[PDB]
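In the block that follows, a single chain appears as structure tokens, in the form solved without this ligand.
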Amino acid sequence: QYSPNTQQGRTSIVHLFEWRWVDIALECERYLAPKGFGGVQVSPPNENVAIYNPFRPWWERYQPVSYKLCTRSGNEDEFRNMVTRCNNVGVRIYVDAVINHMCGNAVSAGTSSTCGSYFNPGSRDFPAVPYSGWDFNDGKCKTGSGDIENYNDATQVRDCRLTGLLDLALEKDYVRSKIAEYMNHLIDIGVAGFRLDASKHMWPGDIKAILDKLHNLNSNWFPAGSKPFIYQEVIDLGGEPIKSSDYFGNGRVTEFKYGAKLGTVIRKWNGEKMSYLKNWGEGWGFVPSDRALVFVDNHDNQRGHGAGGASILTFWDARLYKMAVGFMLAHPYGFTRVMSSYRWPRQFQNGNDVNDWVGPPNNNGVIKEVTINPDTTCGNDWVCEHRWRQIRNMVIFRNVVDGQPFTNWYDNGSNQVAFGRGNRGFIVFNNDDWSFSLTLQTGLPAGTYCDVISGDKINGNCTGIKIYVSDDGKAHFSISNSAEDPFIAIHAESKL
């Protein structure tokens, strides 16, 4: 459950948030496989509630009505077509598995379902699964409301309703088996693994009993004996009784302190500075690298439903976002996930921002198509961060330096830092308020290399900055603090 099951040399996954299955299939063929992306995390593919408004909020997909594969991203035929085409070009599919709960215990304030299945939250009746009142934790939870009242309390966190969502009794083997039936149907179609939603709200032993029922991967594409990659969503910020180490036996765990701290460091909060990232990873008290799923959108779609660290980013903030993603993709700690988002307005109040009824671009309920502009960016309100040159080229950097050690760290005691990845990559960052201009030791061999942040290596030549490495691996780097991207990255495949 710890190995990503990606093709050798492909080292990251991209979350194509709410994209349609057809658009992900095309993206796998025209962009993700040619650019070496390891896989895609898709939004929940199972049937969910549809509020009566239109209003198609993003959170509707986290309220299951059944396990039929029928959502605004597409139906089962479209889902199987996407998994087949993506696996055929070596791009894996990871499903967001919503298994802790069904929909809101109320929600009947006005609602329907995405594939027409009947459901009634009040009587706990979900006949398309089938689940009844005997399959929920209403009698195990001991709070007066039935909802979680203290989110650091270990028993309420796992047995009571998360924000009113009907909580499944995962100690029953019937419930564990229905969930495994759904997840096994997905593995058999060709899925390579899963994001386990709300894992903090499930007991480690119940998750393991579900995982022990999971199938080996489809051996028409994966070697025999391969097991599904599992990454558990658990926000563990520090002193609470629930800890990420309660879940290492089941698979990887999301390290939310990674994106939170990389965000406060790049923003210099409280005097923090990038030179403190010298011992980034386990030196910062994070989970072990072989159990970490890392990302920098600490909390994307930062609406009111969220109890943790958070930082969403715009223009001067897109600059900080690209710097954070580049540091993450060059650093060897953890398995990396990049987020691809959609555009949505903000309100500018409550302290930071509050336009929160966000939902993806939609064609009257169904997700809109992803369009590609002539410069390879996207239209139709999709942001496509994974197509930004600086991010895409850092996804490639991570592949090129796969397995090489962290080495050659440099820092100026403030926010100008640099490090190498063995003899195959080197990266330099300037987040101070003055320019950087110095000769540093790399582990790279002599030659001319293209900076992949400011340009590309096209046809034996570079489109942006060129870096010259001398015979003893030293190289001069000059970075203005006024550059749009104050960092430079070079690697073995961007050498001329």
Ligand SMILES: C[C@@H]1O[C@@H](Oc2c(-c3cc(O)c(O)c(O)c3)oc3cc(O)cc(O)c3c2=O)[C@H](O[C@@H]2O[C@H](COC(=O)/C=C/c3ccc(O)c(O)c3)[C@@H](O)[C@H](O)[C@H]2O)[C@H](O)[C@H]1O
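Take the two forms, superpose them, and find the largest set of C-alpha atoms that agree within 1.5 Å; that set is the rigid core. Numbers follow the displayed sequence, beginning with 1.
Omitted here: the form solved in complex with this ligand. The next part is about that form.
**Student:** Where this ligand sits in the deposited complex, superposed onto the shown form by the site's C-alphas, are 3 or more of its atoms within 2.4 Å of backbone or C-beta (blocked), or none (open)?
**Tutor:** Blocked, since after superposition 3 or more atoms of the placed ligand lie within 2.4 Å of the backbone or C-beta atoms.
**Student:** Of these, 415-423, 402-410, 194-202, 324-332, which stretch puts a heavy atom within 4.5 angstroms of this ligand in the deposited complex?
**Tutor:** Among the candidates, contact is made by 194-202.
**Student:** Should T163 be counted as a contact of this ligand in the deposited complex, where contact means heavy atoms within 4.5 Å?
**Tutor:** Taking the distances in the deposited complex, the answer for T163 is yes, it comes within 4.5 Å of this ligand.
**Student:** Does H101 reach this ligand in the deposited complex if we count a contact as any heavy atom within 4.5 Å?
**Tutor:** Close contact exists here: in the deposited complex, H101 approaches this ligand to within 4.5 Å, heavy atoms only.
**Student:** Just to confirm, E233 within 4.5 Å of this ligand in the deposited complex by heavy atoms?
**Tutor:** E233: yes, in contact with this ligand in the deposited complex.
**Student:** Does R267 make contact with this ligand in the deposited complex, using a 4.5 Å heavy atom cut-off?
**Tutor:** Result no; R267 lies far from this ligand in the deposited complex.
**Student:** Only one of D381, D300, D153, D138 gets a heavy atom within 4.5 Å of this ligand in the deposited complex. Which one?
**Tutor:** None of the other options qualify; the answer is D300.
**Student:** Which one moved? Candidates are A128, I372, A318, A310, criterion is a Cα shift of 2 Å or more between the shown form and the other one after superposing on the core.
**Tutor:** The displaced C-alpha is that of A310.
**Student:** Checking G110 here: with the core superposed, does its CA move 2 Å or more between the shown form and the other one?
**Tutor:** Yes, the C-alpha moves 2 Å or more.
**Student:** Could you check whether the CA atom of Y52 moves 2 Å or more between the shown form and the other one, using the rigid core for the fit?
**Tutor:** Passes the 2 Å threshold, so yes.
**Student:** For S340, does the CA position differ by 2 Å or more between the shown form and the other one when the superposition is done on the rigid core?
**Tutor:** No, because once the rigid core is superposed, the C-alpha of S340 moves less than 2 Å between the shown form and the other one.
**Student:** What direction does the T163-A310 Cα distance move in the deposited complex compared with the shown chain, closer or farther, given a change of 3 Å or more?
**Tutor:** Compared with the form shown here, the C-alpha atoms of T163 and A310 sit farther apart in the deposited complex, by 3 Å or more.
**Student:** Where do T264 and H305 end up in the deposited complex, Cα atoms closer or farther than shown, with a change of 3 Å or more?
**Tutor:** Relative to the displayed form, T264 and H305 draw closer in the deposited complex - a change of at least 3 Å between their C-alphas.
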